[PDB]
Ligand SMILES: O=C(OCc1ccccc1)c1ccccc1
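Here's a solo chain for you in structure tokens, the form deposited without the ligand.
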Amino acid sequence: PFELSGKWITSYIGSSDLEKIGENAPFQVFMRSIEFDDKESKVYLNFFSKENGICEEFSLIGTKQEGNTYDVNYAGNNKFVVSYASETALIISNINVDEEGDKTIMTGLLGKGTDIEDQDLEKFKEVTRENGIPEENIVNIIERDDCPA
């Protein structure tokens, strides 16, 4: 029986728009935890993000929708899905439509800490590729995560 809730840190993130994941951008998200409240059809996301160089913590709440989709507001409108889940990893696929109306598909490999299992990385790279996102559009987040645990 898989436990999806608990501690989750971001390892890598891929994006179809490089403007959304660079330094201090809205989507260079350093995850800390995700909680799935299936009874109340919600999801609780806690993470850090840099703005003007300093770490800023977030606590959002998303509502479960059609299929395995999750709706959440943050730098536009998001609809994310957990494309993969194993005892060591979680791979999220997300679609953002910012305030301007531009659509960006993103992906992320989350884990239990700073130690990556290449098996989960290959799956993450395979999902990223399927979303038509190129390898040069992948950023290592563990090397950039200097925010508080």
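Heads up: residue numbers just count along the shown sequence, starting at 1.
Not on display, but discussed next: the form solved in complex with the ligand.
The putative spot formed by 127, 131 and 138 is not touched by the ligand in the deposited complex; no residue has a non-hydrogen atom within 4.5 angstroms of it. Using a 4.5 angstroms threshold between heavy atoms, residue 89 stays clear of the ligand in the deposited complex.
The ligand is not shown here, and in the deposited complex it never comes within 4.5 Å of any heavy atom of residue 83.
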